[PDB]
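Trainee: First portion of the complex, with coordinates as positioned in the assembly:
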Amino acid sequence: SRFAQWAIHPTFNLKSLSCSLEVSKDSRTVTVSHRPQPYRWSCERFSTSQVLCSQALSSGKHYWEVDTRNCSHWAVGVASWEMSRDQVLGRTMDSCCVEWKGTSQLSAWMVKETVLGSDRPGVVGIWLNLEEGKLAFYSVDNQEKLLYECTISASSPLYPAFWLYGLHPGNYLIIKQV
Amino acid sequence: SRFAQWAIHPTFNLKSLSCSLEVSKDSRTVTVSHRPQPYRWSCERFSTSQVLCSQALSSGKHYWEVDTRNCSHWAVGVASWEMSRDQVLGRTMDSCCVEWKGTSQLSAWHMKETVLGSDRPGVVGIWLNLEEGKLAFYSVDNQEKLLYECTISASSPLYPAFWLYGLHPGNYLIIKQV
Amino acid sequence: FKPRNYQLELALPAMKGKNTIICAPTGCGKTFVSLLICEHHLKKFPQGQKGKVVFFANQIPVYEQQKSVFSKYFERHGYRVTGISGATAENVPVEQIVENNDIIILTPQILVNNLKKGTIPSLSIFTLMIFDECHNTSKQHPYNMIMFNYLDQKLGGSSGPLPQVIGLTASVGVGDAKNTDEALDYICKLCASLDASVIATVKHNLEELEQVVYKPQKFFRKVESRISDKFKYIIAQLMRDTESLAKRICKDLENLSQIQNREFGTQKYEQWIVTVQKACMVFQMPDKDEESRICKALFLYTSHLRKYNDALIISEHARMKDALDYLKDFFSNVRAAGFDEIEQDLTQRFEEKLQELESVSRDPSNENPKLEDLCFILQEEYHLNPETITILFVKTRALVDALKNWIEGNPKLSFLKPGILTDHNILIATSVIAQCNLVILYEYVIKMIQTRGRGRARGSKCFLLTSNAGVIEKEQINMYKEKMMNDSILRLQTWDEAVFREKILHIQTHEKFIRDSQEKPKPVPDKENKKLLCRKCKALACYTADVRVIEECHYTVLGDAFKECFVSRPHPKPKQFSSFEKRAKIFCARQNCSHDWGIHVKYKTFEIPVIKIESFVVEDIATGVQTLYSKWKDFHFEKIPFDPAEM
């Protein structure tokens, strides 16, 4: 709450999360289950361990913050609604994200694989400036270390989209206040 | 160890103990069984959750302190040698004792239920004076509060019988410094 | 007196006119729901249509309680409640009692009896069937026989005015299933055999569920067994003696039963003894009298070895005095009936060893460590709170009286007082009120239904004693089984009515198909006159040319010399079953036989000897082969129905 505070905290679109995650009744905290729970199957399901938010984005001002504690391997980024649903997040031309891979790297994906150093964040802060086509992952407490910069001047919404490793019952991510 | 120290450190008898107990060669530390050891059938086996010492008492000078921590429910008090085997302490007219009850009360059984508040001592110091029948339980850190006195004009020694809830494997009692 | 949503949300789906397997844990609340749906069915009636409902209960005390409550309530509202018990099965025309009442509470065995008769040919004469404890509609139950009739009348293609079959039970039961998939198949099959489109269960009154449920906690107790056993040694010596001396006429006994190396004092030893008993039954020497003498002597031998094995097991579980008294009572029993030189030798041998038995059994060091630690944990309990009346559950009725006498004469626990009901400090019942918070199951591996009134729980202990790992393994699996049957109903709650409808349509069509295929009639009866012989005498007593059949269950003998070939001795508990009054039992009349042949009944005016196939060996006349049918239903022969016109 010390840089230019602009935008709102989102809420996951419950028409789009896949069968494994079971986001609680407070509806701003995403959590994996012990076993899948069969819901009404539509075309808009994922068949992956991903989730999408609901709020379409804006002209030049968006920022939100996500707590990436309490997770083995996670990935946080943005995505447009016209996303190939069976495809993994971050592997299309519709997404930028940062991914905590299997060999403990803060890698990021404008599909282009760039490995980073072995710094595990606790908190991730996504800043968007679509007035200049800018996206930067200032994590927390790092004197605003950007940790990537990607450019996308899309004409679509760019909802905050999350992936988390869905085989560890007890894995969950939290959105919190600025 | 700052008021009148008068007695010696007591020591459990190796023939009037329970069937369950496996009291150490240090002979001031008992530890309960996980399955009791069936000993030789005798009329001097007490057949209860009990163990007796062998120190025959003195003229008037006694005070002793024992560690009563790491036990759910214990019972410390005095008993003569010719007490009935199948009778538990707290059921005879030859007993003054302290009882941290199951309902979270510090009672006692004496000649009768003398209930106190819900104070649980960790270490208790028993002070015995056979000159006038003055008896005091200077337990711990409560400004040496005895909180009750009993008078026993007996004709036999009053060996401390040690009772505990004998169904918690891992329980141990200690005799320590006066 | 007033219904809550805890009991009105149960009747809320039931009031549509459908069938359900609603499961409430309360007793008074279950009866309140049945009264509620009965009142809803009675009050909805226009003219031309009045009450013809039926209420099924299984056991007699639940039946009399429901007759009391239903005649108490629905007397003021203009309805006539009648009921049928055992004593109502005779001297009345049954159809007028079907028609001229509304709330008949008859037991299902007599409805199956009258479906056999012809009264009530179709079940349209009832409009409602209200089943109690319908989880017993598993297989071949009279409940399931009624549901077979209703299902082949509905599904059969002869669809007419079918009644509703709303059911009620207390808990679903896992039955014969080990896996949660088979728990689902079991519960859905239980819906399928009852025409249950819906399962109603409490969901929004969990607080009112948690107030009155009486669910206390596990209290297994774990113990090692004895080392210093003397009674086992002396009885083992007597069994060595008796088995070794028995073999003088029979050598091939180990070759005649296929059981391997038997151990003294186990269940498999009793299996060994009864197998060699059934083995030596079939000896067929052409003397037919030395056959009789030899078979009677070895009968005495194997029965004595069996009773010695029972004394071994009784000592293995209970006190030594109990085995001593049981063998003394057995020898007093054999002292009453007859005497033979085999028997006189065995009695004088027992009297020889008896003084050493009474000596070594009175040593107080020979107490059972199971009993010792049981007394120890009980005095622990009575040091926790001395105001707990204790009730116990043992595996067998024999150890009930053993623990009564363990109380009767106990100075160490003299605050217990006997109350046997199989103002009482102690009671021991064997098998399945909840106002005494102490139940102790000693050597014992649906759970105990201890909930009748609208009471409370407030704590209890449920002490189980263990001496082998078998109860430990099976009961920890069974606690997990309670968890997965809770999971089974929570899996069933996630369906649709239509997919459940087509699922039970699949299963009901399948069961109709299998039941319609299984229509084997009775095979060709043997018109060959065979003879019967006593099992312990090998005496020809009767044939199959003098045996009648009363009602396709019972078998009588028309022999009048057969009437003087037994002896009649009056019954220790005379009563009725649907046609009769028991008067006496009958023993075989020979020199010193005293074999239990059957039972003596009073039907209308006669005294008729209903015999059993269990005291009989069925022998050929053409060849002479003496085979052994154990149940009457598997002795296929020319069955002649009963003739009262003769005598």
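Mentor: That came in fine, so what should we check first? Numbers count the residues shown, from 1 in each chain, chains lettered A, B, ... in the order given.

Trainee: ok, which stretches of chain A are strands?
Mentor: For chain A, the strands defined by DSSP state E cover A:29-31, A:50-52, A:62-67, A:74-79, A:95-100, A:106-108, A:123-129, A:134-138, A:160-164, A:172-175.

Trainee: And the contacts of the longest one?
Mentor: Contacts to strand A:123-129, defined as Cβ atoms under 8 Å, 6 or more residues apart in numbering or on different chains, come from residues A:7, A:57, A:60-69, A:76-78, A:98, A:134-141, A:158, A:160. C-beta: built from backbone N, CA, C; applies to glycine.

Trainee: Partner strands of it, with direction?
Mentor: Its sheet considered, strand A:123-129 pairs with strand A:62-67 (antiparallel), strand A:134-138 (antiparallel) by DSSP bridges.

Trainee: Likewise for the first one?
Mentor: Sheet pairing here is set by DSSP bridges, and for strand A:29-31 it gives strand A:172-175 (antiparallel).

Trainee: How far off centre is the strand it pairs with?
Mentor: Relative to its chain's centre, strand A:172-175 lies at 10 Å (Cα atoms, centre = their mean, to the nearest Å).

Trainee: With just CA atoms, put it into CSV.
Mentor: Provided in CSV are the C-alpha atoms of strand A:172-175 (Å, rounded to 0.1, in the frame of the first residue of the first chain):
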residue,chain,number,x,y,z
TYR,A,172,-4.1,-23.7,-1.5
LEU,A,173,-3.4,-20.1,-2.5
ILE,A,174,-4.8,-16.9,-0.9
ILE,A,175,-5.6,-13.5,-2.3
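
Trainee: Also put chain D in, sequence below:
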Amino acid sequence: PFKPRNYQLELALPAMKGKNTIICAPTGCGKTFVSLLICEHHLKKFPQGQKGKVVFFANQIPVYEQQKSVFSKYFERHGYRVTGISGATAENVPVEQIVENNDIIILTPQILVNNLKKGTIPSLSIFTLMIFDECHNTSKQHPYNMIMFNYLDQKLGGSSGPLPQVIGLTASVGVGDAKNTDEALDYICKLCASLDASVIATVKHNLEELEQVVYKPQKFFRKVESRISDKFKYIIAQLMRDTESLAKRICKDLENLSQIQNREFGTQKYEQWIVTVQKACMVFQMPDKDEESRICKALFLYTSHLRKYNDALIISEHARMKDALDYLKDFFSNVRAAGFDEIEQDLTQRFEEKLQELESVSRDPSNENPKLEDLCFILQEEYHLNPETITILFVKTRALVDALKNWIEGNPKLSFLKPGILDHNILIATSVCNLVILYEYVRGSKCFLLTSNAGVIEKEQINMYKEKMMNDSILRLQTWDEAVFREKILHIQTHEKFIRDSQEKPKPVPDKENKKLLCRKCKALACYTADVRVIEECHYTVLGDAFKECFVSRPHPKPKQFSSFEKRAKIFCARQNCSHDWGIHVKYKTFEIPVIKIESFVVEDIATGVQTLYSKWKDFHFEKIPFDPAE
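Mentor: This next block brings in chain D, placed alongside the chains you saw above:
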């Protein structure tokens, strides 16, 4: 080569004393290093005048070849005559030369059972060290147990000269068939008694040094429930009800024929029922012989189609529906090209009525097996973490391996896998790497276990408890005294010698009669038992010319050869629509004769008229006449 560590000496040391151990070394070629150390130390210690002789039994041909290669490549330097024998070697330089002329022999144990049976080798006294690999397979009638029967029958009783030191080399001693710890101790005592062994030394000190070789992956259990919209099972149940009604119409005694009470469609119990019904309706006796043709052919055809529907249901409950549909369509094309018939036209018409709606149901994303979707979820999500992992997915039957390989090759989401059945991503192999996914089967690697039938989870958790029971009973047995343990196993060996040495009289009685064999589905009278011939105690054939009209062959495109014959073509029933698989057509060494097998036949007795259903010529009795080439 590799290097000897400390625990690989610690395991070997109790055998270096000269007592018969059982090594419980875990996998990872430690056991094949330990056998090297023990063989080296044993052969190196003998004095002059005499020399040692080792024999290393291996059970499988590839394990035999691998151990032969390494025992040549390690002892060629020392000057030891390494050798090997298997089933693949030729009849020359006989075993009496080989076991006299070598130092380290590698047999597969059936060879030594053969030589001890026919008395060519005298007894085991020529050997000095028998090393049993995978000794925990020593059981009821296994070849290791036959060699142990011979070794114990030499030892107990008529005590001969020096006897060899038995050494086991298991990897887990297998407490199976036990429930409580006493019965597990009974099992390990029974095994260790049956190998004449006394020390079951495992690693105890350097356990932390061991775990850089063996590794236990942590498991996850992912139970998934069945389907609900089972329209496929509905339509197949309709077809099965119809054909079963037809068979019941033509039999009218069907439910008397088997004691299976409740039979539902699509389990293993239905298949047991339909096999028993087939074996009941194959035997018939009614003196209207051309009625018997119609009755037996109709019943064989209806039962065969019902069995095929039941297998289609079983396949569809563990894969996608299109696999079962393809299986039925290949079966129906194989039955339509076979013959022309009224019954076959009725069944083909009744199937191809429902065919188009069935394939419209099958080609559907909604009617998807959720078990396969959970597998696709696992394979997708795991490979997104470490895209270099390889997977050893185990399945149960063979047709499920073929179906899953077709499924992986035909999926949109699964593009980055390169399967291969048994350069490659996954290995779809039944009963042979970071992912060991079990499909209903009983560094930092995981082992998932998919199932629908609960109880697979229970059997796996009972198996983990049994492994803990194995460790506890091994540890309890390791604290006994050797002398009382030797006496205990001497009593067990004596009791077993008494049991085994008492009941060996299955004496056959030759039914010197004449019988006529009939076809299995058409009941044509094939031949006579008086005209069959036993060629070399293996094959059986009909030396008749009237038989030569009753079968029409079919030319097998490639020729083949036996060890002593040359197979040419199959032969078939020459009836109108039978076309039964009787046997194959072979040449002895000069001319051509047809060779048949007892599986597809009945034995109709001439006198009594009854017919029985046999399966082994070892089971069926007759005058086994050795074949004479002069006819």
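
Trainee: Now do the same contact list for residue C:62.
Mentor: Taking Cβ under 8 Å, 6+ apart as the test, what residue C:62 contacts is residue C:132.

Trainee: Quick check: residues of chain A near chain C?
Mentor: residue A:38 (Cβ under 8 Å from any Cβ of the partner chain).

Trainee: By proximity to chain B, which residue of chain A wins?
Mentor: residue A:170 (30.2 Å; Cβ to the nearest Cβ).

Trainee: how close does the residue nearest to residue A:56 when sequence neighbours are not counted get to residue A:6?
Mentor: Nearest residue to residue A:56 in three dimensions, chain neighbours excluded: residue A:157, at 3.6 Å (Cβ to Cβ, 6 or more residues apart in numbering or on different chains). For residue A:157, the distance to residue A:6 equals 16 Å [Cβ to Cβ, to the nearest Å].

Trainee: Get me the contact residues on chain A for chain D.
Mentor: Within reach of chain D by Cβ under 8 Å from any Cβ, chain A has these residues: A:20, A:35-36, A:38, A:41, A:47-49, A:73, A:86, A:88, A:101-103, A:165-167.

Trainee: In space, what's closest to the residue of chain A closest to chain B - neighbours in sequence excluded?
Mentor: residue A:32 (7.4 Å).

Trainee: Put this one in as RNA strand E:
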RNA sequence: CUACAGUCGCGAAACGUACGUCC
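Mentor: With RNA strand E now in place:
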């Protein structure tokens, strides 16, 4: 082709014992 072999999975029959329950 004969032919043993060991494991797994689902079964059906002949039992004894223990409890209860009714007709």
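
Trainee: Might you report the residue contacts of residue C:211?
Mentor: Residue C:211 makes contact with residue C:456, according to Cβ under 8 Å, 6+ apart.

Trainee: where's it relative to chain D, distance?
Mentor: 34 Å (Cβ to the nearest Cβ, to the nearest Å).

Trainee: again, but for residue C:68
Mentor: 41 Å.

Trainee: Which helix or strand contains that residue?
Mentor: Per DSSP states H and E: residue C:68 is located in helix C:60-73.

Trainee: anything in the very next helix or strand once past that helix near RNA strand E?
Mentor: Next helix or strand after helix C:60-73 toward the C-terminus (DSSP H and E): helix C:94-99. No. Against RNA strand E, helix C:94-99 shows no contacts by Cβ under 7 Å from any atom of the strand, the least distance being 11.4 Å.

Trainee: most centrally placed residue in chain C?
Mentor: Taking Cα atoms, centre = their mean as the criterion, residue C:431 is the residue nearest the geometric centre of chain C, at 9.9 Å.

Trainee: a helix runs through it, doesn't it?
Mentor: No. Counting by DSSP: H, G, I helix; E, B strand; the rest coil, one finds residue C:431 to be coil, located in no helix.
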